[PDB]
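Notes follow the structure.
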Amino acid sequence: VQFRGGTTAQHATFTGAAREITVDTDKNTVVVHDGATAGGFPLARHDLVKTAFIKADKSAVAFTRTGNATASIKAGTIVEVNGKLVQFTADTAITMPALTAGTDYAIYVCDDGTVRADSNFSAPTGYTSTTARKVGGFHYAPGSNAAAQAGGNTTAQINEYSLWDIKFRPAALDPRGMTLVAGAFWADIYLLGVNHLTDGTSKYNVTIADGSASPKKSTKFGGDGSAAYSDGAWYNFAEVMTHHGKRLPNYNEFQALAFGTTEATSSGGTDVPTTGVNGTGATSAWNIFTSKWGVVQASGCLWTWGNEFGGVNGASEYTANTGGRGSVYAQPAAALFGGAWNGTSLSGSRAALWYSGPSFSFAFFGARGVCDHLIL
Amino acid sequence: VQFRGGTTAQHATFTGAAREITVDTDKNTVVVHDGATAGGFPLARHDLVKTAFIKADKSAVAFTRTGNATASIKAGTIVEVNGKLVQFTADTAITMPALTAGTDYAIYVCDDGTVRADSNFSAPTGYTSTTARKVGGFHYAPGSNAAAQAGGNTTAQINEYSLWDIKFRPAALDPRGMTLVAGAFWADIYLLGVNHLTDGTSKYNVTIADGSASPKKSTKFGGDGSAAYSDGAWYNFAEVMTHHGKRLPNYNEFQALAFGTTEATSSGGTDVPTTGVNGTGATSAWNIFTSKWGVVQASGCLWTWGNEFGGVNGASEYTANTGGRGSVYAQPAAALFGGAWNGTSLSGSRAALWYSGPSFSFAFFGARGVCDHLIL
Amino acid sequence: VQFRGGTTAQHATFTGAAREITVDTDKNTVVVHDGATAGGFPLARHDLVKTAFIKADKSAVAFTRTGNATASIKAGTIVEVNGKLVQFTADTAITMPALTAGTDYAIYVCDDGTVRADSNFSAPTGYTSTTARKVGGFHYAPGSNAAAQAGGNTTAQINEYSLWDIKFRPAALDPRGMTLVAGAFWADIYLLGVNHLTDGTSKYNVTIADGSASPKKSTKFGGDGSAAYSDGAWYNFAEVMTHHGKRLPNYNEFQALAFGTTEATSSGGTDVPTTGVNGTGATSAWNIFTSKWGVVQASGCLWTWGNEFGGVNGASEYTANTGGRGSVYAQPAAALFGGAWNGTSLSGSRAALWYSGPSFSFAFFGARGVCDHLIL
Ligand SMILES: [Mg+2]
Ligand SMILES: [Mg+2]
């Protein structure tokens, strides 16, 4: 049984009858007619909505934290997956696996109509990347967010602001282990690791990069993949953030990301070698330094290099101190934020040092990444 | 009447005949056939195109200002609304309500085909938020944009540059009261007001937040809703902007946004308390200071905190002047731009003072929000 | 041959038998029925997927460089065009026109299903802009990208990093002549030219705008189209980049964009007047200074104004040197990056001079443009 239609050319001058239906054999699609309009009204093929993702409210993430280890996908969420339409007419709970503290999770909507979370970032368990479509994700943090200005506990839970969908996410290449600050931008939850190449910039429980344990050399910038930079200069940390589509914080970004940390306090001890854990001889616990947004070790554990210049200038005369890539002249200091483990009273969300030249390297100087917030 | 059916599983290994129409009982959709392809060619369900919005020219707003109190939606605009498709094949006038000077309006495309503007940002008069879709809006200014470099006048009219649509808008979380500057970025039309929590950062005829009468404390940073900040520190304004997903203008931004103001001229008198009105005992009228882009009181009224550090340094010794959030060493000044009522002939689009540290606070230091331009 | 359908009102409370097809005369669309659900299942009109563009991997450009003068469109690409659906199920070679060194090309997809490049940015030869759709583009460079840190050659070829599609492009208002740096942002390939108004900012083999040969006044800021600026001031270059929706680079950006250049080397000679060719009396070839991402004359040719302030301040009193647009107090120098031709061995990817005020101008002070990377 066949309905006669012709080419798109044929259809162009053809006017079907009110409620008549022809077939465009060029497009392979149905065309509805109204008995008055030349060409009719072609319908859309499904190939042209492949990957559609409609949220009821586009200005907020697609999910909700319902408990410490539970989350729901919001009502009104329409999702194309593997030729099929999956939609949720009411808030729907997301099936979780086991949740280890300090790990990242991806959220999948599957072609059977079920929504599941998983530690794997290609496909969840018992599905392929064709049967399941990754739509978002979250971080399962070691501790809670700062309920006020004292920090948070050490109850492992979902970081409410680490929730991202594919149209409400960090601008950077990989969205993992970042958190939405004030709904304005994204900050790395953890300070930059040494193995940022395999781990990402922001990972829980890894060696923190500093003047000594300097970061792996960026492969985008002539790094071989296991070699590290010879020092912990600003130049080096700035190079690393670029490689991951991020930048160092500015003052206004820092004072914001780190709010909620315990002010004018430091980790104490002789070192903070590891993200999310207590420092070597720490006189106060890591979670005392946890922002309102779940930025871990926000302040007073390690100075982060910044992306702003000013303060104390170097020699008013050309100096070749740039890892042998040119010379500086009257070179202003590159900001350092937060304080480190050993400035007791000095540390905090607005703590700022404008003395160090960008070529300076010390074991109190690391970095935290940021990037824009993109809503689509 | 009922057509040859089958499940997606069944459709998979089935080749229909040229112009045969089958129904996929799983997908609930029509499938066109060509007598050649396995599985045929499934059509798209309308849900997967919900909220669609297609512009003819994607790098321009969807509307044209046609006169002081009239504007039109451009030809080629296709809007999905409430299951319906509404489109404008020619330029169509937008139905205006009463327009009061210094008001923001929203533009709605209704399912009955009409396009109207209303002061209400949820639904126009005699429509539900289902039957009408908000697609953009504009600001009805209290005066003209600056034709030359002598400011504008006092004739209420649509600021042409203030037109935004859902895919051509300020990146900020709320589009109201902003104006697009040289198609590069968005700027607040008005200086930051005290009650920015209920008014947004930019609003006509409100009290201008300054060092004395400072801004309401930010909800997202531990404000309660009634509390003001203690003073008008750079730190505070910076934080108020971050709240609304805006930031302070940099030098390049400022010089762009303020262009068209009457250069080397100040308001005179003793104070500027209100946005969009004349200053207290002022010597030249407020519109003298309107920019090419409809930025009201662009210069020579209040200094605006910028987002750039440099110039005169504070003490070369840690100082706890950050409202109790850490200490600062050799802190460079936060830039201020524009000049103020007392500024005499120093005011203008490139007026810049690199003196005050971020901790300073005066009755002639305020702020203006800027943000990114979003084209989708 | 009619199908019994009615209005949307009517459809609202109606249930067809499983596989009954009706016509919504309001929406002019087909409605599938299941036997259970009221209102049925309205299908999507083609209008609502007009301009659709679907990549298999959204985080990468849609094309692949296959050799010096050949490229393919990636498998999985789906393009709506002129009411039709063109789609590439495997890597398909783009049809190349005649390739000339230092020219931008636009990649089109056409309703006859063919994919071709062309120097015309409206339509390829033998098509209207209705039958062909601009989807991407690239730069045919005068030399090669930097293999390591010695620069490149003079073999004309496709700069692989200059590939852009409509959902993977410079945020700038016009994507021509840019190249993506480490996947984080886009940088102009060429130093800003005098006739940027008609050439864009980044164009091969034109006069490089400097202090003597100042650029043309932006028509967005009072320029007429003929008039040049009186000097090569930071203020002016900054104005020019705003006009084109770009920024002056920052330090983190510059070290990135210029990486791969021959470090500690300058053009030598007396002057460098033209983009992409050797300087007047130069002692090193122009391609010696070609970056990893094919930034041409990246360093050691002209100081490029930066978008950072710090270093040497100026008169600690209100000076009016902003070309009549107000006064500056204790004005911090504007950064200058890369070094110039005279600079000798100071020049390089990190060469930075914080001495010159924003009002200074010299015949070795130019600019390069940058903008964000847009992914959709
Ligand atoms: Mg800056
Ligand atoms: Mg600075």
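What is the mean number of Cβ atoms from other protein chains located within 10 Å of the Cβ atom of each residue in peptide B:27-38, rounded to a whole number?
Working: counts 6, 11, 9, 12, 3, 11, 3, 3, 1, 1, 1, 0.
Neighbouring Cβ atoms belonging to other protein chains average 5 per residue here.
Taking the axis about which chain C rotates onto chain A, which residue of C lies nearest it as judged by Cβ position, and how many whole Å separate them?
Taking Cβ atoms only, the nearest residue and its distance are C:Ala44, 2.
With charges set only on the Cβ (+1 for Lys and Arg, -1 for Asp and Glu), what does the dipole of the range B:1-51 come to about its Cα centre, in debye to the nearest 20?
Working: 5 positive and 5 negative charges, 21 e Å.
Dipole size: approximately 100 debye.
Label B:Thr155 and A:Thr125 with points 7 Å out from Cα along Cα→Cβ: what is the distance between them in nm?
So the label points at B:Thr155 and A:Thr125 sit 7.2 nm apart.
As I understand it, the dipole of the range A:1-51 uses +1 on the Cβ of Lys and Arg and -1 on the Cβ of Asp and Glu, about the Cα centre. Which of A:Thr22, A:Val49, A:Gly39 lies farthest toward its positive end?
A:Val49
Select from A:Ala172, C:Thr304, C:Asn287 the residue farthest towards the positive end of the dipole of the protein assembly as shown; place +1 on Cβ of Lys and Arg, -1 on Cβ of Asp and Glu, and compute about the Cα centre.
A:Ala172
To the nearest whole number, what is the average tally of beta carbon atoms from other chains within 10 Å of the beta carbons of peptide B:80-88? Working shown, then result.
Working: counts 5, 0, 1, 8, 8, 10, 0, 4, 0.
Average neighbour count from other chains, rounded to a whole number: 4.
Expressed as an acute angle from 0 to 90° and rounded to the nearest 10, what is the orientation of the C-alpha long axis of helix B:234-243 relative to the principal long axis of chain B?
Rounded to the nearest ten degrees, it is 10.
Ordered by residue, what ³J(HN,Hα) values in Hz, to whole numbers, does the range A:31-47 give under the Karplus form 6.51 cos²θ - 1.76 cosθ + 1.60, where θ = phi - 60° and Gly and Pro are x?
10, 8, 10, 10, x, 9, 10, 4, x, x, 10, x, 7, 8, 6, 5, 4
Can you list residues from other chains, or at least 5 along the same chain, whose modelled amide H is less than 5 Å from the amide H of A:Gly5?
A:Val23
With point charges of +1 on the Cβ of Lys and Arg and -1 on the Cβ of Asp and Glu, referenced to the Cα centre of chain B, which listed residue (B:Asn342, B:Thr64, B:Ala363) lies farthest in the positive direction of the dipole?
So the residue furthest toward the plus end is B:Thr64.
Please get the size of the charge dipole for chain B, origin at its Cα centre, with Cβ charges of +1 on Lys and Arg and -1 on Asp and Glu, quoted in debye to the nearest 20. Display every interim value, and only then the final one.
Numbers: 26 positive and 27 negative charges, 83 e Å.
Using only the charged Cβ atoms, the result is roughly 400 debye.
For the residues A:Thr131, B:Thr13, what sequence is obtained by ranking on other C-beta atoms within 10 Å, fewest first? Let's see the in-between values first.
Details: A:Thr131 16, B:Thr13 8.
By the 10 Å Cβ count, ascending, the order reads B:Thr13, A:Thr131.
Take the residue pairs B:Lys58/C:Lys167; A:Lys246/C:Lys167; B:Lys58/C:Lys84; A:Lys50/A:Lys246; C:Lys134/C:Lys292; C:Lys74/C:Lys246 and return only those whose Cα atoms are more than 18 Å apart.
Numbers: B:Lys58/C:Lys167 13 Å; A:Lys246/C:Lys167 20 Å; B:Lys58/C:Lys84 20 Å; A:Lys50/A:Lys246 30 Å; C:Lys134/C:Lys292 28 Å; C:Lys74/C:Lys246 29 Å.
The pairs that break the limit, which is 18 Å between Cα atoms, are A:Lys246/C:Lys167; B:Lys58/C:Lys84; A:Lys50/A:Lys246; C:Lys134/C:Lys292; C:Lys74/C:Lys246.
Put a point 7 Å out from Cα along the line to Cβ at C:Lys58; what are the distances to that point in the other copies, in nm, shortest first?
With the label placed 7 Å along Cα→Cβ, C:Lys58 yields 1.3, 1.4 nm.
Which order results if A:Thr290, B:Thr262 are arranged by neighbouring Cβ count within 10 Å, fewest first?
On the way: A:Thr290 31, B:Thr262 22.
Starting with the residue having the fewest Cβ neighbours, the order is B:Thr262, A:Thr290.
Between rounded, prolate and oblate, where does the range B:190-368 land on the alpha carbon gyration tensor, with a ≥ b ≥ c its root eigenvalues, rounded for a/c under 1.5, else prolate if a/b exceeds b/c? Don't skip to the answer; put the middle values down first.
Working: a/c = 1.81, a/b = 1.28, b/c = 1.41.
In terms of gyration-tensor shape, oblate.
Can you run phi through the Karplus equation (6.51, -1.76, 1.60; θ = phi - 60°) for the range A:306-315 and list ³J(HN,Hα) in whole Hz, with x for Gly and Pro?
x, 10, 9, 10, x, x, 8, 7, x, 2
Convert each backbone phi in the range C:155-163 into a coupling constant with the Karplus relation 6.51 cos²θ - 1.76 cosθ + 1.60 (shift: θ = phi - 60°), then list the ³J(HN,Hα) values in order as whole Hz, x for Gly and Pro.
Per-residue couplings from phi come out as 6, 5, 6, 7, 6, 3, 7, 7, 5 Hz.
Amide H to amide H under 5 Å from B:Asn195: which residues, 5+ apart in sequence or cross-chain, H placed 1.01 Å off N in plane?
Excluding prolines and chain starts, which carry no amide H, the hits are B:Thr207.
So what's the gap between the Cα centers of the range A:54-124 and the range B:96-160, to the nearest angstrom?
38 Å
Every other copy gets compared here: list the nm distances from the A:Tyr355 label point (7 Å along Cα to Cβ) to its counterparts, shortest first, one decimal.
2.8, 2.8
Shortest first and in nm with one decimal, please list how far the A:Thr131 label point sits from its counterparts in the other copies (point 7 Å along Cα→Cβ).
Result for A:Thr131, in nm, nearest copy first: 4.7, 4.7.
Tally the DSSP beta bridges in chain C and give the antiparallel ones as a percent, rounded to 5.
Restricted to chain C, the bridges split so that about 95 percent are antiparallel.
I'd like the distance separating the alpha-carbon centroids of the range C:1-53 and the range B:254-325, in whole Å.
The distance from the Cα centre of the range C:1-53 to that of the range B:254-325 comes to 59 Å.
Other chains near A:180-193: what is the mean number of their Cβ atoms within 10 Å of each residue's Cβ?
On the way: counts 0, 2, 10, 6, 12, 3, 0, 0, 0, 0, 0, 0, 0, 0.
Mean partner-chain Cβ count within 10 Å for A:180-193: 2.
Exposure proxy check: C:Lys216, B:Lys220 ranked by fewest other beta carbons within 10 Å? If you can, show how the numbers build up before the last one.
Values: C:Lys216 21, B:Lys220 17.
Fewest-to-most Cβ neighbours within 10 Å comes out as B:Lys220, C:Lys216.
With +1 assigned to the C-beta of every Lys and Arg and -1 to the C-beta of every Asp and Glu, and no other charges, what is the dipole magnitude of the range C:190-368 about the Cα centre in debye, to the nearest 20?
Values: 10 positive and 10 negative charges, 71 e Å.
It comes to approximately 340 debye.
Quick one: compute the contact order of the range A:190-368, relative version, from alpha carbon pairs under 8 angstrom and 6+ residues apart, as a percent.
Across the range A:190-368, relative contact order equals 25 percent.
Taking chain B as a Gaussian network, where each spring joins two C-alpha atoms under 10 Å apart, which residue of B:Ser299, B:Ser356, B:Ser129 fluctuates the most?
Highest fluctuation of the listed residues: B:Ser129.
Below 8 Å, C-alpha to C-alpha, sequence gap of six or more: please give me the relative contact order for the range A:79-182 in percent.
22 percent
Throughout, read-outs are computed from the coordinates displayed, never taken from laboratory work. Please note: Cβ atoms are built from the backbone with ideal geometry, for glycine as well, and neighbour counts cover all protein chains shown.
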